[PDB]
Amino acid sequence: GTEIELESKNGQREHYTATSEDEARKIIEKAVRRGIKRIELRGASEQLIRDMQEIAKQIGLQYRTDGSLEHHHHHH
């Protein structure tokens, strides 16, 4: 469960909820195609955060992160 915000150069913004990291990346890729200026990710997992950040840093998009989840990786 991840929350997503996006705002356009048109001064218009939208809110989305993603059930998993595979839904969240689909909201982001659907936003960056439009020329979205700002993106927010909240409750995001560390791989989704790196995946979103790798896109946002290459586009120069003003992303913000309010996710990151600690522990619970374990060993095997």
# chains A, B, ... in the order shown; residues from 1 in each chain; ligands from 1
>>> residues_around(residues="residue 7 (chain A)", least_positions_apart="3", cutoff="9 Å", atoms="only C-alpha atoms", output="list in words")
residues 10, 11, 12, 13, 14, 31, 36, 37, 38 and 39 of chain A
>>> residues_around(residues="residue 69 (chain A)", least_positions_apart="2", cutoff="9 Å", atoms="only C-alpha atoms", output="NGL selection string")
:A and (43-46 or 67 or 71-72)
>>> write_last_selection(atoms="C-alpha atoms", output="tab-separated table (two decimals), in the first residue's frame")
chain	number	residue	atom	x	y	z
A	43	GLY	CA	4.91	4.27	2.19
A	44	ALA	CA	7.19	3.14	-0.71
A	45	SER	CA	9.61	0.14	-0.47
A	46	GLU	CA	13.39	0.64	-1.01
A	67	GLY	CA	8.50	6.02	2.25
A	71	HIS	CA	14.33	-4.31	9.00
A	72	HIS	CA	12.27	-7.36	7.75
>>> atom_distance(atom1="CA of residue 74 (chain A)", atom2="CA of residue 4 (chain A)")
27.7 Å
>>> residues_around(residues="residue 1 (chain A)", least_positions_apart="3", cutoff="6 Å", atoms="only C-alpha atoms", output="ChimeraX atom specification")
/A:18-20
>>> write_last_selection(atoms="N, CA and C atoms", output="mmCIF file, in the first residue's frame")
data_model
loop_
_atom_site.group_PDB
_atom_site.id
_atom_site.type_symbol
_atom_site.label_atom_id
_atom_site.label_comp_id
_atom_site.auth_asym_id
_atom_site.auth_seq_id
_atom_site.Cartn_x
_atom_site.Cartn_y
_atom_site.Cartn_z
ATOM 1 N N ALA A 18 -1.544 2.847 -4.826
ATOM 2 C CA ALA A 18 -0.997 1.620 -5.400
ATOM 3 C C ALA A 18 -1.025 0.479 -4.370
ATOM 4 N N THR A 19 -1.515 -0.698 -4.769
ATOM 5 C CA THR A 19 -1.593 -1.877 -3.882
ATOM 6 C C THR A 19 -0.216 -2.515 -3.635
ATOM 7 N N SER A 20 0.666 -2.470 -4.639
ATOM 8 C CA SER A 20 2.016 -3.049 -4.621
ATOM 9 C C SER A 20 2.989 -2.242 -5.493
#
>>> select_by_dssp(residues="region 23-74 of chain A", states="strand (DSSP E)", output="JSON, numbers by chain")
{"A": [38, 39, 40, 41, 42, 62, 63, 64, 65, 66]}
>>> decode(residues="region 52-72 of chain A", atoms="N, CA and C atoms", output="compact mmCIF listing (two decimals), in the first residue's frame")
# COMPACT_ATOMS: atom_id res chain seq x y z
N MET A 52 11.97 4.51 -8.98
CA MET A 52 11.39 5.84 -9.19
C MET A 52 12.48 6.92 -9.27
N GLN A 53 13.46 6.88 -8.36
CA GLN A 53 14.58 7.83 -8.32
C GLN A 53 15.48 7.74 -9.56
N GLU A 54 15.72 6.53 -10.09
CA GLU A 54 16.48 6.33 -11.33
C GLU A 54 15.79 6.99 -12.54
N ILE A 55 14.46 6.98 -12.60
CA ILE A 55 13.70 7.70 -13.63
C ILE A 55 13.76 9.21 -13.38
N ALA A 56 13.45 9.64 -12.16
CA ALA A 56 13.28 11.05 -11.82
C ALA A 56 14.58 11.85 -11.95
N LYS A 57 15.73 11.23 -11.63
CA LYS A 57 17.05 11.86 -11.73
C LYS A 57 17.50 12.03 -13.19
N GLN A 58 17.09 11.12 -14.07
CA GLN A 58 17.38 11.20 -15.51
C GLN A 58 16.49 12.21 -16.25
N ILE A 59 15.25 12.41 -15.79
CA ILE A 59 14.31 13.40 -16.35
C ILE A 59 14.50 14.80 -15.74
N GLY A 60 15.10 14.86 -14.54
CA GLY A 60 15.24 16.07 -13.72
C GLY A 60 13.95 16.47 -12.98
N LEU A 61 13.00 15.53 -12.85
CA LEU A 61 11.70 15.71 -12.21
C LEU A 61 11.88 15.90 -10.70
N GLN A 62 11.16 16.87 -10.13
CA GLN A 62 11.22 17.21 -8.71
C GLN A 62 10.46 16.18 -7.85
N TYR A 63 11.04 15.00 -7.66
CA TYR A 63 10.47 13.95 -6.82
C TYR A 63 10.64 14.25 -5.31
N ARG A 64 9.76 13.68 -4.49
CA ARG A 64 9.84 13.64 -3.02
C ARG A 64 9.51 12.24 -2.49
N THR A 65 10.28 11.78 -1.50
CA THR A 65 10.14 10.46 -0.88
C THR A 65 9.77 10.59 0.61
N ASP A 66 8.61 10.05 0.98
CA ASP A 66 8.13 9.87 2.37
C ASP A 66 7.81 8.39 2.68
N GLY A 67 8.54 7.47 2.02
CA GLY A 67 8.50 6.02 2.25
C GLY A 67 9.66 5.53 3.13
N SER A 68 10.35 4.50 2.63
CA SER A 68 11.41 3.70 3.26
C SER A 68 10.91 2.85 4.43
N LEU A 69 11.20 1.55 4.36
CA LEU A 69 10.79 0.52 5.32
C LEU A 69 12.03 -0.19 5.86
N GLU A 70 12.21 -0.18 7.18
CA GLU A 70 13.39 -0.73 7.87
C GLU A 70 13.19 -2.18 8.33
N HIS A 71 14.30 -2.89 8.58
CA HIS A 71 14.33 -4.31 9.00
C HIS A 71 13.58 -5.23 8.01
N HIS A 72 13.18 -6.43 8.44
CA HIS A 72 12.27 -7.36 7.75
C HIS A 72 12.78 -7.95 6.41
